[PDB]
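Novice: Handing you a structure now.
Protein chains in written order, with the numbering used here: chain A, 30 to 85; chain B, 30 to 85; chain C, 416 to 470.
As structure tokens, this is what we get:
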């Protein structure tokens with residue numbers, strides 16, 4: 030006799046991985062720009078960030 | 030004679046695509062006004078700009 | 416006599432897509448208020464550090 034007919038196909042696959050990181054929120058209502066980030070202290074003068082050491 | 034019985038199931042499916050990009054993060058908010066701009070340095074205290082000299 | 420059983424079926428169907436991604440971080444770029452406690456603060460490393468620290 031002839032060989033049996035193809036068997037049913039396999040079941041569905043396992044869920045995938047969660048999605049990528051979401052983007053950060055907004056700068057929406059910005060008044061003052063962040064000072065530099067370098068392990069140094071800054072004070073606010075003349076509409077700018079000047080090293081605090083300058084005065085210490 | 031009669032054909033052989035129908036074969037066994039197939040291999041489960043491949044894991045689906047990754048998930049959707051997560052939602053964006055929260056607002057920056059809480060931003061503050063420019064300090065005076067007068068050749069004087071200022072520090073941030075009590076939700077206001079106080080002269081740095083006050084403390085030197 | 417009966418023939419030989421047939422071969423298993425074709426691959427299964429793709430699975431659901433992965434869960435939703437992780438919630439993003441807050442906003443950045445500007446200066447947010449500093450603690451309001453009668454203390455003076457200076458801007459360092461993107462944070463408000465007690466001026467006294469350096470006095």
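All C-beta atoms in this analysis are idealised placements derived from N, C-alpha and C, irrespective of residue type, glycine included.
#1: Excluding five sequence neighbours on each side, which residues of the same chain lie with their C-beta closer than 7 Å to the C-beta of residue 81 (chain B)?
#2: Name, please, each residue of chain C whose Cβ falls closer than 8 Å to the Cβ of residue 72 (chain A).
#3: According to DSSP, which residues form a beta bridge with residue 63 (chain B)?
#4: Where residue 33 (chain B) and residue 42 (chain B) are concerned, what is the direct C-alpha to C-alpha distance, given to the nearest angstrom?
#5: Cutting at 7 Å between CB atoms, please list the residues of its own chain near residue 64 (chain B), excluding the five before and the five after it.
#6: Among B:49, B:50, B:76 and B:47, which has the Cα closest to the Cα of residue 61 (chain B)?
#7: Thinking C-alpha only, which one of C:452, C:444, C:451 and C:453 is nearest residue 66 (chain A)?
#8: When burial is assigned at 16 or more other CB atoms within 10 Å of the CB, is residue 453 (chain C) buried or exposed?
#9: Report yes if the C-beta distance between residue 39 (chain A) and residue 40 (chain B) is below 8 Å; otherwise report no.
#10: How would you call residue 3 (chain B), buried or exposed, if buried means at least 16 neighbouring beta carbons within 10 angstroms?
#11: When DSSP builds the beta bridges, which residues end up paired with residue 80 (chain A)?
#12: Does residue 63 (chain A) come within less than 8 Å of chain C when only Cβ atoms are used?
#13: Contact defined as beta carbons within less than 8 Å: I believe residue 48 (chain B) pairs with residue 430 (chain C). What is the distance between those atoms, to the nearest angstrom?
#14: Alpha carbon to alpha carbon, how far is residue 57 (chain B) from residue 83 (chain B)? Give it in angstroms, no decimals.
#15: Does the Cβ-Cβ distance between residue 37 (chain A) and residue 421 (chain C) come in under 8 Å?
Specialist: Answer, in terms of the structure:
#1: Taken in chain order, the residues that qualify are 70, 71 and 72.
#2: 457 and 458
#3: According to DSSP, residue 63 (chain B) bridges with nothing at all.
#4: 26 Å
#5: 71 and 78
#6: B:76
#7: C:444
#8: exposed
#9: yes
#10: As displayed, chain B neither begins before 30 nor continues past 85, which places residue 3 (chain B) out of reach and without an answer.
#11: A:71
#12: So yes, residue 63 (chain A) belongs to the interface.
#13: In fact, because the Cβ distance is near 12 Å, the residues do not count as touching under 8 Å.
#14: 30 Å
#15: no
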